[PDB]
Amino acid sequence: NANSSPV
Amino acid sequence: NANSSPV
Amino acid sequence: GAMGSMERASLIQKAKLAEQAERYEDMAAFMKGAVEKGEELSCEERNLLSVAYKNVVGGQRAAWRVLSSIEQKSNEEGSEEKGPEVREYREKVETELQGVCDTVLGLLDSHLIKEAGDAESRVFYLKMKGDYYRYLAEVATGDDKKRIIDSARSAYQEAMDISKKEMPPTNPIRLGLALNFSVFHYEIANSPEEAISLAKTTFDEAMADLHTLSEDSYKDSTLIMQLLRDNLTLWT
Amino acid sequence: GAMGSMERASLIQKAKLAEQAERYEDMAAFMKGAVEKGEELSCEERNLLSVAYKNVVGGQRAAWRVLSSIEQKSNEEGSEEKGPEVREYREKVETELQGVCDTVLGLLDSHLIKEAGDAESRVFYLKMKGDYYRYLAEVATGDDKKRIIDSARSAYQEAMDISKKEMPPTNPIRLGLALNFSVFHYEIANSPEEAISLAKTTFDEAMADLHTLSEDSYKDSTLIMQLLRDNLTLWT
Ligand SMILES: [Cl-]
Ligand SMILES: [Cl-]
Ligand code: NA
Ligand code: NA
Ligand code: NA
Ligand code: NA
Ligand code: NA
Ligand code: NA
Ligand code: NA
Ligand code: NA
């Protein structure tokens with residue numbers, strides 16, 4: 001559920 | 001924008 | 001075909017997994033494989049076929065509309081020339097969409113409709129035939145367009161005739177057929193009055209039959225009746 | 001390759017149309033074609049490459065997680081035997097996902113990274129290398145898994161070393177790299193303390209540099225800082 005970088 | 005039948 | 005080696009039951013099982021995974025192209029390929037086994041489809045299997053292809057063609061129709069609108073802005077007074085790319089890419093998505101519709105129509109013609117004798121299967125397949133001719137009509141501009149519109153109308157009309165003889169006015173298949181044929185009249189056939197008349201008669205005849213239904217049947221029927229009322233609210 | 005006959009500028013133009021149409025597989029194929037022209041990518045073109053492939057692999061990862069969870073429920077005590085289909089279909093989606101990651105990694109290796117000399121291009125490509133090795137690590141279970149994890153770590157580490165020498169602490173590339181490397185530590189490397197330390201140091205060093213920024217740069221940096229704080233809220 002970790003937020004990674006938005007494209 | 002007409003509603004058609006839901007699948 | 002690539003699914004020829006897979007068991008029918010395994011194709012059905014994987015179609016359901018693909019639905020859960022929102023893998024609708026896979027779902028459609030599994031269900032095509034299942035239809036090509038040559039056996040008739042159960043009610044549940046017909047609804048898996050419909051869900052799969054409606055999601056695939058729905059994404060294509062949404063993309064086509066976005067591209068067609070950009071191509072429209074490009075042919076306006078004052079719009080800079082940007083070359084053939086918008087038309088080419090709209091054409092590529094259009095061709096893919098036509099290919100999906102031709103695939104569905106070909107399954108119906110080989111041999112789902114001819115084997116379908118019960119009203120609930122025959123109406124379902126004839127509705128689907130109308131629907132996918134309708135999606136072909138949405139992108140048609142050639143010498144073809146009138147015949148594609150008439151093919152949609154003919155399929156819907158045969159489905160309507162069977163449904164009104166063989167099914168109660170609350171049957172969800174009958175309701176969804178009337179909903180879609182009404183949208184055909186409004187959006188394809190330039191017949192908004194026919195669209196409105198069909199939606200209102202369908203709604204009113206279903207209202208009068210709701211008293212016969214169980215709670216669960218009542219919920220199924222009223223969900224599609226609300227779509228009829230939503231269109232009537234848009235159109236009046 | 002199927003895009004070899006299309007102009008570079010036409011591929012870029014169609015990638016943007018595909019984005020607007022939410023046709024991300026097409027978008028990725030157009031951008032692959034553009035990279036294979038052999039010229040370096042501009043900043044905007046690098047972000048089109050990243051958006052295209054992140055959407056394609058994002059759908060595959062979401063599907064893989066759904067299928068892996070069903071395959072997990074199937075290997076529990078009391079679960080009925082349902083045959084090989086869940087494993088087979090998870091394997092099919094896994095293989096497709098691995099193929100997309102191998103395609104991105106192959107573009108980076110042939111020859112985007114070796115030609116990238118400016119910090120903003122080199123860090124961006126090394127981050128992407130870490131990201132797609134990370135997606136390979138998410139599905140790895142074999143004799144391979146340690147080496148895939150180390151490949152992700154190595155790429156991220158080289159990107160981090162360049163970013164901390166060459167970019168301000170608010171640079172959005174540097175921030176998104178730190179965000180993703182922190183998630184690598186938490187989710188892949190079994191290093192939650194490293195994940196938390198990196199996220200907090202990154203956030204705090206960016207906070208201290210916000211005073212130097214224009215309103216628009218401030219908005220770009222604070223958007224990614226919020227993702228760091230959202231992870232820290234989840235993890236502490
Ligand atoms: Cl094209
Ligand atoms: Cl499979
Ligand atoms: Na069999
Ligand atoms: Na052009
Ligand atoms: Na029959
Ligand atoms: Na009947
Ligand atoms: Na050229
Ligand atoms: Na089975
Ligand atoms: Na260079
Ligand atoms: Na710098």
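Neighbour counts run over all protein chains shown; Cβ positions are idealised from the backbone, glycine included. We did not get these values from a lab; they are worked out from the coordinates using the rules stated.
Does residue C:8 qualify as being in contact with a helix residue (DSSP H, G or I) (Cβ under 9 Å, 6 or more places away or on another chain), of a type outside the set (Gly, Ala, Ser) and within 11 Å of another protein chain (Cβ to nearest Cβ)?
It is false that residue C:8 is in contact with a helix residue (DSSP H, G or I) (Cβ under 9 Å, 6 or more places away or on another chain), of a type outside the set (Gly, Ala, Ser) and within 11 Å of another protein chain (Cβ to nearest Cβ).
List every residue pair whose Cβ atoms sit under 8 Å apart, with the two residues 6 or more apart in sequence or on different chains, where the first one lies in the range C:179-208 and is farther than 16 Å from residue C:149 by Cβ and the second, anywhere, is surrounded by fewer than 23 Cβ atoms within 10 Å (Cβ to Cβ) and among the basic types (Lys, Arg).
Close Cβ pairs (under 8 Å, with a partner that is surrounded by fewer than 23 Cβ atoms within 10 Å (Cβ to Cβ) and among the basic types (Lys, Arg)) amount to C:203/C:229.
Answer yes or no as to whether residue C:40 is acidic (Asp, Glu), surrounded by fewer than 20 Cβ atoms within 10 Å (Cβ to Cβ) and under 28 Å from residue D:22 (Cα atoms).
no
Looking at the structure I just gave you, is residue C:72 more than 16 Å from ligand 8 (Cβ to nearest atom), within 14 Å of chain D (Cβ to nearest Cβ) and part of a helix (DSSP H, G or I)?
It is true that residue C:72 is more than 16 Å from ligand 8 (Cβ to nearest atom), within 14 Å of chain D (Cβ to nearest Cβ) and part of a helix (DSSP H, G or I).
Can you tell me which residues in the range C:88-124 are away from ligand 6 (no atom under 16 Å from the Cβ), in contact (Cβ under 8 Å) with a residue 40 or more places away in the chain, in contact with a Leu (Cβ under 9 Å, 6 or more places away or on another chain) and more than 14 Å from chain D (Cβ to nearest Cβ)?
C:98, C:101, C:104, C:107, C:112
Given the options D:140, D:155, name the one that is of a type in the set (A, V, I, L, M) and more than 12 Å from the chain's Cα centre (by Cα).
After applying the criteria, what remains is D:140.
Can you find a residue that is in contact with a helix residue (DSSP H, G or I) (Cβ under 6 Å, 6 or more places away or on another chain), farther than 15 Å from residue D:138 by Cα and in a helix (DSSP H, G or I) anywhere in the range D:54-67?
Among the residues of the range D:54-67, at least one is in contact with a helix residue (DSSP H, G or I) (Cβ under 6 Å, 6 or more places away or on another chain), farther than 15 Å from residue D:138 by Cα and in a helix (DSSP H, G or I), which makes the answer yes.
Pull up the range C:70-87, narrow it to residues that are more than 19 Å from residue D:7 (Cβ to Cβ) and of a type in the set (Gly, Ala, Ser), then point me to the one that is nearest to ligand 3 (Cβ to nearest atom).
That would be C:79.
Where residues in the range D:77-120 are small (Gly, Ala, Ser) and crowded, with 16+ Cβ neighbours inside 10 Å, which of them is nearest to ligand 4 (Cβ to nearest atom)? Full working, then the answer.
Pass one, the range D:77-120, residues small (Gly, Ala, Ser): D:78-79, D:83, D:99, D:106, D:110, D:116-117, D:119.
Filter once more, keeping what is crowded, with 16+ Cβ neighbours inside 10 Å: D:116, D:119.
Details: D:116: 27, D:119: 32 Å.
Ranking the candidates gives D:116 first.
Under the condition of being of a type in the set (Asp, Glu) and either touching a helix residue (DSSP H, G or I) at 6+ places or on another chain (Cβ under 6 Å) or more than 10 Å from chain A (Cβ to nearest Cβ) (or both), which residue from the range D:201-236 is surrounded by the fewest Cβ atoms within 10 Å (Cβ to Cβ)?
D:215
Restrict the check to the range D:44-65 and report whether at least one residue is more than 25 Å from residue A:2 (Cα to Cα) and not aromatic (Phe, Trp, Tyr).
Here is the first cut: in the range D:44-65, the residues more than 25 Å from residue A:2 (Cα to Cα) are D:44-45.
Imposing the further condition that a residue be not aromatic (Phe, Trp, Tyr) reduces the set to D:44-45.
Yes, there is a match, as at least one residue in the range D:44-65 is more than 25 Å from residue A:2 (Cα to Cα) and not aromatic (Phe, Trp, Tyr).
For the range C:11-30, which positions are more than 16 Å from ligand 3 (Cβ to nearest atom) and within 9 Å of chain D (Cβ to nearest Cβ)?
C:17, C:18, C:20, C:21, C:22, C:23, C:26
Take residue D:114 and decide whether it is out of contact with any strand residue (DSSP E or B) (no Cβ under 8 Å at 6 or more places or on another chain) and farther than 24 Å from residue C:24 by Cα.
Values: out of contact with any strand residue (DSSP E or B) (no Cβ under 8 Å at 6 or more places or on another chain): yes; farther than 24 Å from residue C:24 by Cα: yes.
Yes: the conditions hold for residue D:114.
Output the residues belonging to the range C:121-157 that are surrounded by fewer than 16 Cβ atoms within 10 Å (Cβ to Cβ) and either assigned to a helix (DSSP H, G or I) or touching a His at 6+ places or on another chain (Cβ under 7 Å) (or both).
Taking the range C:121-157 as the starting set, the residues that turn out to be surrounded by fewer than 16 Cβ atoms within 10 Å (Cβ to Cβ) are C:141-147, C:150, C:154, C:157.
Across the range C:121-157, the qualifying residues are C:145, C:146, C:147, C:150, C:154, C:157.
Determine whether residue D:33 is more than 11 Å from every other protein chain (Cβ to nearest Cβ), touching a residue at least 24 places away in the same chain (Cβ under 8 Å) and outside any helix (DSSP H, G or I).
No.
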